[PDB]
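Q: this one's structure only:
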Ligand code: SF4
Ligand code: SF4
Ligand code: FES
Ligand SMILES: [K+]
Ligand SMILES: [Zn+2]
């Protein structure tokens, strides 16, 4: 049944008339064949002859439905809506799919405004960075996940050989629901700039090329020189770090008699306020799908506009189909949906729990509380994580056998995966110790972490940035599009990236680098291949070998985790600059 | 200078000497596309060691030739029609809107059409 | 028409005991014609080495259990024998057959890009 | 409190059990009722509890230099589970 | 069912020992393709910029009408495979 104006994610329209039996709006043969031919000719009456120069050529719905349901025989000026969408309105078939998304879902200049390229069935709106570069029959399609945000949105990566051409959303009705952010799709050009392709050895104020045999030998002569004692070996994990490399680095430092392992975050409290002891203390226990059935949601120190754009659109969708009321505590911001602001600190949050907000949350069938990723980096994390936890434990509806009402929302993908493998030191005795050997496993948030002038610093990563500048020896790594990696999102779901292309230059898989360095440092890990590496993962957490599966925490155990917990600034200053891949993007510079 | 030979620019900053074999084209000095390999770097290979560079194929750059054509001007109309000036041997016929105050090139030929009432502004 | 020299009619053997005898008879034929293989194909090795190579290939399939796999293996072993004796294989193919043959460590493979 | 003051050589403990069934209940009851006492005696020791459907209960003890010894606790009594933890040292 | 048909197929041993196949439903048929090589999947030709390869399974995509057929065939060839759940 052909259509141009039907899409179940949007409102119903009858301005295309291709579904005649309009069956889209109507609830529940030669005339119909003739009708489809007659309607098809009308669209092609004014359509420009642009198929050779038009980016929708091999993937055009107007072409395919002209062939399938039509006969074989038979001037509007362009506009500018940003440097991301190329507009050729001559080809528009006047189907109003752009209007429904831009006003109902987007709420708009937006973090989701680039999704209109997918909905436009014709070449009226097309990706501008992708313009003129490839045809859909040239592209190899690879199903992987996003690591630009903690959501783990399922994306489709189209590669033409070595190059990565474009990123498209792929269906998943549990995390992203057919949408991705503009960061998720227009940062792929950073994978072709500032790439780490050769081992670089620092000799003074310069870097020179090096072999893997030397770059793993200079570290050995650097590790045996500074001679870090027990807890002087500091290992740091960044935002875009896979799980197979976090565990390999965790075991490498342990075999050197060290436990000083951490992330690139700046949480003042060394044991994170949520704590990594229990899974339920730091995951979206309610799961993203059950945000639909929400009654009252409490946003605590979070900005879903920037922390997780795709999930933010889920909140607006429920806000329109029902009478959902969402109460937000913290710094004010422009929102795509109505929010009742309460305050910009924790006094209001406690006072809100003693006000009308708490009464609704008590009698709500399915209450929700969302704590931001930047809350742990703020001073009153202990205040919030005890105020909310006491509220969670004191009431019954928040923790029920059928519903769990506590959810922590992160922004960086490597966080939850690191927590599950216990990659966060739980002591200030270990943390405050001076470091002599520093291993930057893809960490570039070091503007706040101490780096001693005499400490031996090694940067392993897939891009050249500030973190690579501080290094003494640089080891090139592979980006997520190039490695069969494992990432755990904020809800505790294990998802594995699938390798689409090889790493550039002489770069290696991120965990194979650490294992090889172990043999040079006498701490030879027992790992020999990925299957043996993933068997070790089950020895750190049994659920990690269960792809696309959320392991819900038992109700009884999660209660103790909630109990033991007893200015909210937005963590993101610039949306277009979050990870290293976005910084090297030339397209994101145009957005700036 | 090696900068006008290995970088992509809208217009050349100096006069193209057609006897200079390091130019990207005999009429243009710098490459006209970002992914296009500079001609100077291409010829610095083992296979060019004992070859005569002058006899290698050097077609003139189309980017320099297409913009020497005068802007077409339409009288008493807001739409320009182009079909390659060859009919069945040109390109597919397209209609070009002239609402804006600028010269809009053809999607196939590159001929830049404009309205006669906008002539003075565009020439400025 | 007539079959070529050293041709056997294809038959599906349904008895493991009868299959075992047919395999042993064919193994003897390979050993007997080993000196012929050195002569026709002008090999640079003694016939004693050729017989050793034959035994290795028969020892590879020593512990194949399934009868249907035995018949296909036996049928393919007969075709190869008819190919060698009749000199249908070119000498380069037989020379390379004897050209066939310590694995590197993890780091050694890591340095060169591994496999 | 008691013998739950783990030695310095003990660096990490991980507990595996299941959300359902009957074999994980003794470990579920043990950890739910006794967790504050252990974290009080070992403020810096990381106590990790990870669950998965159908796995049998056990405890992993990450000793010095990355050495790990894993003790299977399939169906043990709560009193013996406390004894088993005392025997990790 | 349990026959080692890889013994009489003629294919090289790497399909059984090294390469890993994927079974997936991309939207009405089930396909089988092979995971790319870590190295040697592609490399730019220095002469004309062609995309070189030493992966002889790169263009092979089996098609099946049912999920049962894809799994049964992969087992019959002794292939190392993982099913990509839809
Ligand atoms: S939108 Fe479709 S029909 Fe129109 S020019 Fe592009 S490919 Fe051709
Ligand atoms: S611009 Fe595209 S999405 Fe909008 S009405 Fe026209 S065809 Fe539909
Ligand atoms: S799909 Fe029903 S009229 Fe457009
Ligand atoms: K489109
Ligand atoms: Zn034209």
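A: Nice, thanks for sending it over. Residues are numbered from 1 along each chain as shown, chains lettered A, B, ... in the order given. Ligands and ions are numbered 1, 2, ... in the order given.

Q: Residue B:43: how many residues sit nearby?
A: Neighbour count of residue B:43, defined by other Cβ atoms under 10 Å in any protein chain shown: 14. The C-beta positions use only the backbone N, C-alpha and C, and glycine is treated the same way.

Q: how close does it get to residue B:49?
A: 10 Å (Cβ to Cβ, to the nearest Å).

Q: for residue A:330, same thing?
A: For residue A:330, the distance to residue B:49 equals 68 Å [Cβ to Cβ].

Q: Between these two, which is the more surrounded one?
A: residue A:330 (27 against 6).

Q: The more buried one and residue A:344 touch, don't they?
A: Yes. Residue A:330 is in contact with residue A:344 according to Cβ atoms under 8 Å; the separation is 6.0 Å.

Q: helices or strands next to the helix or strand where residue A:215 lies in the packing?
A: Counting by DSSP states H and E, the element that carries residue A:215 is helix A:212-226. Counting contacts by 3 or more Cβ pairs under 8 Å, 6 or more residues apart in numbering or on different chains; DSSP states H and E, helix A:212-226 is packed against strand A:200-202, strand A:437-441, strand A:456-461, strand A:473-476, helix A:510-520, helix C:106-111.

Q: which strands and helices sit next to the first one?
A: If you count contacts as 3+ Cβ pairs under 8 Å, 6+ apart, strand A:200-202 packs onto strand A:207-209, helix A:212-226, strand A:473-476.

Q: Of all those, which one is nearest ligand 5?
A: Each of the helices and strands packed on strand A:200-202 has some distance to ligand 5 by Cβ to the ion; the shortest is strand A:473-476, at 47.5 Å.

Q: Run the chain-centre distance for the closest one.
A: Distance of strand A:473-476 from the chain centroid (Cα atoms, centre = their mean, to the nearest Å) equals 25 Å.

Q: likewise stretch B:112-121?
A: Distance of stretch B:112-121 from the chain centroid (Cα atoms, centre = their mean) equals 20 Å.

Q: ok, back up a step: using TSV, please lay out the helices and strands packed on helix A:212-226 together with distance to ligand 2 and mean neighbour count.
A: Rendered in TSV, the data for the helices and strands packed on helix A:212-226 read as follows (distance: least, Cβ to the nearest ligand atom, whole Å; neighbours: other Cβ atoms under 10 Å in any protein chain shown):
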stretch	distance to ligand 2	mean neighbour count
strand A:200-202	47	20
strand A:437-441	43	27
strand A:456-461	39	26
strand A:473-476	42	26
helix A:510-520	40	24
helix C:106-111	50	16
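
Q: Spatially central residue for chain A, please.
A: Centroid-nearest residue in chain A: residue A:149, 2.1 Å away (criterion: Cα atoms, centre = their mean).

Q: hang on, isn't that one packed against residue A:414?
A: No. Using Cβ under 8 Å, residue A:149 is not in contact with residue A:414; the gap is 11.7 Å.

Q: give me the residue from the stretch 301-450 of chain A nearest chain E.
A: Nearest to chain E in the stretch 301-450 of chain A, going by Cβ to the nearest Cβ, is residue A:442, at a distance of 19.0 Å.

Q: who's in contact with the residue nearest to the centre of chain A?
A: By Cβ atoms under 8 Å, 6 or more residues apart in numbering or on different chains, the residues touching residue A:149 are A:181, A:183-184, A:307-310, A:411, A:413, A:578.

Q: Can you give me the distance of it to chain C?
A: Separation of residue A:149 from chain C (Cβ to the nearest Cβ, to the nearest Å) stands at 32 Å.

Q: Quick check on that residue: phi, psi?
A: Residue A:149 adopts backbone torsions of phi -150, psi 170, taken as degrees, to the nearest 10.

Q: And for residue A:195?
A: Main-chain torsions, residue A:195, degrees, to the nearest 10: phi -80, psi 140.

Q: Check the gap between it and residue A:465 for me.
A: Taken as Cβ to Cβ, the span from residue A:195 to residue A:465 is 11 Å.

Q: how many neighbours does the spatially closest residue to residue A:382 that is not a sequence neighbour have?
A: The shortest distance from residue A:382 to any non-neighbouring residue, by Cβ to Cβ, 6 or more residues apart in numbering or on different chains, is to residue A:273 (5.8 Å). For residue A:273, the neighbour count with other Cβ under 10 Å is 24.

Q: In chain C, what residue comes closest to chain A?
A: Closest point on chain C to chain A, by Cβ to the nearest Cβ, is residue C:110, at 4.6 Å.

Q: measure that residue to residue D:5 for me?
A: Counting by Cβ to Cβ, the separation of residue C:110 from residue D:5 is 44 Å.

Q: cool, and residue C:114?
A: Look at residue C:114 and residue D:5: by Cβ to Cβ, they are 47 Å apart.

Q: More neighbours: those two, which one.
A: residue C:114 (15 against 12).

Q: Which one of the helices and strands packed on strand A:200-202 lies nearest to ligand 1?
A: Proximity to ligand 1 (Cβ to the nearest ligand atom) singles out strand A:473-476 among the helices and strands packed on strand A:200-202, at 40.6 Å.

Q: so residue E:22 sits in a strand?
A: Yes. Secondary structure assignment places residue E:22 in a strand (DSSP: H, G, I helix; E, B strand; the rest coil).

Q: Test my guess that it contacts residue E:84.
A: Yes. Here residue E:22 reaches residue E:84: they are 5.7 Å apart, a contact under Cβ under 8 Å.

Q: Could I get the contacting residues of the residue in chain C that ligand 1 sits nearest to?
A: Nearest residue of chain C to ligand 1: residue C:113, at 42.2 Å (Cβ to the nearest ligand atom). Residues near residue C:113 by Cβ under 8 Å, 6+ apart: A:506, E:39.
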